[PDB]
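Taking the form deposited in one PDB entry, here's one chain by itself in structure tokens.
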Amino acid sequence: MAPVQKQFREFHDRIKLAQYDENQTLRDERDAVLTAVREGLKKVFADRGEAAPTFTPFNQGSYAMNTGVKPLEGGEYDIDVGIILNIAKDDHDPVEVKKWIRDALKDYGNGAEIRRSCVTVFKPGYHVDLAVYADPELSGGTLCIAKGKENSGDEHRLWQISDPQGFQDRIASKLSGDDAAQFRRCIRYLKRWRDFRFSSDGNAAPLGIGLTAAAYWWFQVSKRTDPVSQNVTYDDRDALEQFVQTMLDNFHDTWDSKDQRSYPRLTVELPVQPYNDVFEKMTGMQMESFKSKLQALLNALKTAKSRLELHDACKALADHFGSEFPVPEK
């Protein structure tokens, strides 16, 4: 392996988090929550003199897709799980259904919170986000997620067509073998970049989902095959330079009539239902700051290439990737 490739592979080793299938801890913490949901629904529904609805859980998010990273000191693990309740969506309000889940987890961990798109339960060092779905068998074949907050109007409480497994398939299937490894490594690099240079639980923070979907559209492998030996070498720095430049190229200056100015906006559609712009909640100013840091990271990746000293090349990247990017002495 070439010098800088070695440093990127070490970085990847430091930031990577084992996926559900390879991580006893995540499964046990996930299962602790799923049990406290089953236990809690018995109490809730018996209280109401009915039988508890049942549910099928399924792994979701980066922990299901092998694109998870370790948080920086003071951050939390983000344990994503779907639950398919044995109900017909047309018999029930979506927020009422998320209320069941909230009520069931009342006393567990550090309390539960109905978010727009999940119920989140808190533990020291991690949160589980429960995406709550109706039975497609009882709901007309489509899998629909419970959207809405308690404090949200009729228009904003809906059952929306969802395809998390379709998304997981799309991320798993785009490439194979060492090509798909480089894709996953590069998604992780940008998640640590997000964590280092952006604010946690700030919309300003370009979501993992968005960088994942950007990679789906625009990631390109960077490798070389030796003409004579057929030996293959990967260039994660070059893969990241092409990918970041492509993202930057896809921003469009978008007039805002309210502010009487333009903001650069990057649109990234989910490639499965509901095909929404995953970055649609980011403001114009948050989009402006996103583009500027994306550009400074591009400028770093190019500078890294032309440095004579491994030390200076690695320092330029660590300015963007944080203190776990290895910097050898000069």
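Residues that one form lacks are left out of the comparison. The term rigid core refers to the most C-alpha atoms you can superpose between the two forms while keeping them within 1.5 Å. Start at 1 and count along the sequence shown; that's the residue number.
Not on display, but discussed next: the form deposited in another entry.
Among the candidates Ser173, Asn86, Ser200, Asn231, displacement between the shown form and the other one reaches 2 angstroms at the C-alpha for one position only, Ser200 (superposition on the rigid core). Here's the thing about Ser200 and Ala18: their CA atoms end up at least 3 Å farther apart in the other entry than they are in this form.
If you compare C-alpha positions, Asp78 and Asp201 are 3 angstroms or more farther apart in the other entry than in the form on display. At a threshold of 2 Å in C-alpha displacement, with the core superposed and only residues shared by both forms counted, the segments of at least 3 consecutive residues that shift between the shown form and the other one are, in sequence order, 1-3, 47-49, 199-203.
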